[PDB]
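J.: Sharing model17.cif, mmCIF, N, CA, C and O atoms; chains and numbers go by the auth columns:
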data_work
#
loop_
_atom_site.group_PDB
_atom_site.id
_atom_site.type_symbol
_atom_site.label_atom_id
_atom_site.label_comp_id
_atom_site.label_asym_id
_atom_site.label_seq_id
_atom_site.Cartn_x
_atom_site.Cartn_y
_atom_site.Cartn_z
_atom_site.B_iso_or_equiv
_atom_site.auth_seq_id
_atom_site.auth_asym_id
ATOM 1 N N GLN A 1 -48.360 104.367 41.827 0.00 1 X
ATOM 2 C CA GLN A 1 -48.186 104.956 43.149 0.00 1 X
ATOM 3 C C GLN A 1 -47.113 106.038 43.127 0.00 1 X
ATOM 4 O O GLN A 1 -46.018 105.830 42.604 0.00 1 X
ATOM 5 N N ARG A 2 -47.433 107.196 43.697 0.00 2 X
ATOM 6 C CA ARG A 2 -46.497 108.311 43.741 0.00 2 X
ATOM 7 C C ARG A 2 -45.438 108.091 44.817 0.00 2 X
ATOM 8 O O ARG A 2 -44.256 108.362 44.604 0.00 2 X
ATOM 9 N N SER A 3 -45.871 107.598 45.973 0.00 3 X
ATOM 10 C CA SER A 3 -44.960 107.344 47.085 0.00 3 X
ATOM 11 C C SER A 3 -43.870 106.357 46.679 0.00 3 X
ATOM 12 O O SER A 3 -42.708 106.512 47.050 0.00 3 X
ATOM 13 N N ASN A 4 -44.256 105.340 45.916 0.00 4 X
ATOM 14 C CA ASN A 4 -43.313 104.324 45.461 0.00 4 X
ATOM 15 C C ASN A 4 -42.534 104.813 44.243 0.00 4 X
ATOM 16 O O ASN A 4 -41.473 104.281 43.916 0.00 4 X
ATOM 17 N N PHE A 5 -43.070 105.829 43.574 0.00 5 X
ATOM 18 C CA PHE A 5 -42.426 106.390 42.392 0.00 5 X
ATOM 19 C C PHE A 5 -41.098 107.049 42.756 0.00 5 X
ATOM 20 O O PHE A 5 -40.118 106.947 42.016 0.00 5 X
ATOM 21 N N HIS A 6 -41.073 107.723 43.901 0.00 6 X
ATOM 22 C CA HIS A 6 -39.866 108.399 44.364 0.00 6 X
ATOM 23 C C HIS A 6 -38.707 107.414 44.491 0.00 6 X
ATOM 24 O O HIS A 6 -37.646 107.586 43.891 0.00 6 X
ATOM 25 N N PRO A 7 -38.913 106.357 45.292 0.00 7 X
ATOM 26 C CA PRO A 7 -37.897 105.325 45.517 0.00 7 X
ATOM 27 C C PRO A 7 -37.660 104.465 44.279 0.00 7 X
ATOM 28 O O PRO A 7 -36.593 103.871 44.118 0.00 7 X
ATOM 29 N N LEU A 8 -38.660 104.405 43.407 0.00 8 X
ATOM 30 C CA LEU A 8 -38.561 103.617 42.182 0.00 8 X
ATOM 31 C C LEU A 8 -37.811 104.388 41.099 0.00 8 X
ATOM 32 O O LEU A 8 -37.244 103.795 40.182 0.00 8 X
ATOM 33 N N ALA A 9 -37.812 105.712 41.215 0.00 9 X
ATOM 34 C CA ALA A 9 -37.129 106.563 40.249 0.00 9 X
ATOM 35 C C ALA A 9 -35.639 106.239 40.187 0.00 9 X
ATOM 36 O O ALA A 9 -35.050 106.186 39.108 0.00 9 X
ATOM 37 N N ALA A 10 -35.037 106.021 41.352 0.00 10 X
ATOM 38 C CA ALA A 10 -33.618 105.701 41.429 0.00 10 X
ATOM 39 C C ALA A 10 -33.312 104.386 40.720 0.00 10 X
ATOM 40 O O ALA A 10 -32.335 104.281 39.980 0.00 10 X
ATOM 41 N N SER A 11 -34.154 103.383 40.953 0.00 11 X
ATOM 42 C CA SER A 11 -33.972 102.073 40.339 0.00 11 X
ATOM 43 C C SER A 11 -34.096 102.163 38.821 0.00 11 X
ATOM 44 O O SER A 11 -33.285 101.599 38.086 0.00 11 X
ATOM 45 N N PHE A 12 -35.118 102.875 38.357 0.00 12 X
ATOM 46 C CA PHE A 12 -35.350 103.038 36.928 0.00 12 X
ATOM 47 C C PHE A 12 -34.296 103.949 36.305 0.00 12 X
ATOM 48 O O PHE A 12 -33.992 103.841 35.117 0.00 12 X
ATOM 49 N N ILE A 13 -33.745 104.845 37.117 0.00 13 X
ATOM 50 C CA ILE A 13 -32.724 105.774 36.647 0.00 13 X
ATOM 51 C C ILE A 13 -31.375 105.080 36.496 0.00 13 X
ATOM 52 O O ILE A 13 -30.646 105.319 35.533 0.00 13 X
ATOM 53 N N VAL A 14 -31.051 104.216 37.453 0.00 14 X
ATOM 54 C CA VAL A 14 -29.790 103.484 37.426 0.00 14 X
ATOM 55 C C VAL A 14 -29.793 102.425 36.328 0.00 14 X
ATOM 56 O O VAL A 14 -28.737 101.977 35.880 0.00 14 X
ATOM 57 N N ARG A 15 -30.987 102.030 35.897 0.00 15 X
ATOM 58 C CA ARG A 15 -31.128 101.024 34.851 0.00 15 X
ATOM 59 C C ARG A 15 -30.948 101.647 33.470 0.00 15 X
ATOM 60 O O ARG A 15 -30.341 101.047 32.582 0.00 15 X
ATOM 61 N N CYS A 16 -31.481 102.851 33.296 0.00 16 X
ATOM 62 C CA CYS A 16 -31.381 103.555 32.022 0.00 16 X
ATOM 63 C C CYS A 16 -30.071 104.329 31.931 0.00 16 X
ATOM 64 O O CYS A 16 -29.481 104.446 30.857 0.00 16 X
ATOM 65 N N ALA A 17 -29.621 104.859 33.064 0.00 17 X
ATOM 66 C CA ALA A 17 -28.381 105.623 33.111 0.00 17 X
ATOM 67 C C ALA A 17 -27.188 104.757 32.723 0.00 17 X
ATOM 68 O O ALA A 17 -26.267 105.216 32.047 0.00 17 X
ATOM 69 N N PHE A 18 -27.209 103.500 33.157 0.00 18 X
ATOM 70 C CA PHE A 18 -26.127 102.569 32.857 0.00 18 X
ATOM 71 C C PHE A 18 -26.182 102.126 31.398 0.00 18 X
ATOM 72 O O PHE A 18 -25.149 101.971 30.748 0.00 18 X
ATOM 73 N N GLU A 19 -27.394 101.923 30.893 0.00 19 X
ATOM 74 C CA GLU A 19 -27.583 101.495 29.510 0.00 19 X
ATOM 75 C C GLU A 19 -27.429 102.672 28.552 0.00 19 X
ATOM 76 O O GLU A 19 -27.061 102.496 27.389 0.00 19 X
ATOM 77 N N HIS A 20 -27.713 103.873 29.046 0.00 20 X
ATOM 78 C CA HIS A 20 -27.607 105.079 28.233 0.00 20 X
ATOM 79 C C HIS A 20 -26.146 105.413 27.946 0.00 20 X
ATOM 80 O O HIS A 20 -25.810 105.890 26.862 0.00 20 X
ATOM 81 N N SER A 21 -25.284 105.163 28.925 0.00 21 X
ATOM 82 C CA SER A 21 -23.860 105.442 28.780 0.00 21 X
ATOM 83 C C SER A 21 -23.151 104.294 28.067 0.00 21 X
ATOM 84 O O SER A 21 -22.208 104.509 27.306 0.00 21 X
ATOM 85 N N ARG A 22 -23.613 103.074 28.321 0.00 22 X
ATOM 86 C CA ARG A 22 -23.023 101.891 27.706 0.00 22 X
ATOM 87 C C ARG A 22 -23.046 102.001 26.184 0.00 22 X
ATOM 88 O O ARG A 22 -22.074 101.653 25.513 0.00 22 X
ATOM 89 N N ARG A 23 -24.160 102.488 25.648 0.00 23 X
ATOM 90 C CA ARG A 23 -24.310 102.642 24.206 0.00 23 X
ATOM 91 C C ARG A 23 -23.216 103.543 23.639 0.00 23 X
ATOM 92 O O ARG A 23 -22.827 103.410 22.478 0.00 23 X
ATOM 93 N N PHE A 24 -22.722 104.457 24.467 0.00 24 X
ATOM 94 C CA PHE A 24 -21.674 105.380 24.048 0.00 24 X
ATOM 95 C C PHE A 24 -20.300 104.724 24.148 0.00 24 X
ATOM 96 O O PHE A 24 -19.443 104.914 23.283 0.00 24 X
ATOM 97 N N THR A 25 -20.095 103.952 25.209 0.00 25 X
ATOM 98 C CA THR A 25 -18.826 103.268 25.424 0.00 25 X
ATOM 99 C C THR A 25 -18.803 101.916 24.719 0.00 25 X
ATOM 100 O O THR A 25 -18.847 101.844 23.491 0.00 25 X
#
Show how you would write the structure in this file as structure tokens.

T.:
Amino acid sequence: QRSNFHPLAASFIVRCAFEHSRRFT
């Protein structure tokens, strides 16, 4: 679903963004 993709992008982004930086720290 595209409509749900917008709101889901943030959730998936905050999940990878946190793990993406953690690997560095």

J.: Can you tell me how far atom C of residue 23 of chain X sits from atom C of residue 8 of chain X, in Å to one decimal?

T.: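 A separation of 22.8 Å between them.
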
J.: Atom O of residue 3 of chain X and atom C of residue 20 of chain X, how far apart in Å?

T.: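 That distance, rounded to one decimal, is 25.3 Å.
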
J.: If you run DSSP over the backbone, which residues in chain X end up helix (DSSP H, G or I)? Put them as a ChimeraX atom specification.

T.: /X:2-22

J.: Could you give me the axis-aligned bounding box of segment 9-24 of chain X, with 8 Å of padding per side, as centre plus edge lengths in Å to one decimal, as AutoDock Vina command-line options?

T.:
--center_x -28.6 --center_y 103.8 --center_z 32.0 --size_x 34.4 --size_y 21.5 --size_z 35.0

J.: Please measure the separation of atom C of residue 5 of chain X and atom O of residue 17 of chain X, giving the value in Å to one decimal.

T.: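 It comes out at 18.4 Å.
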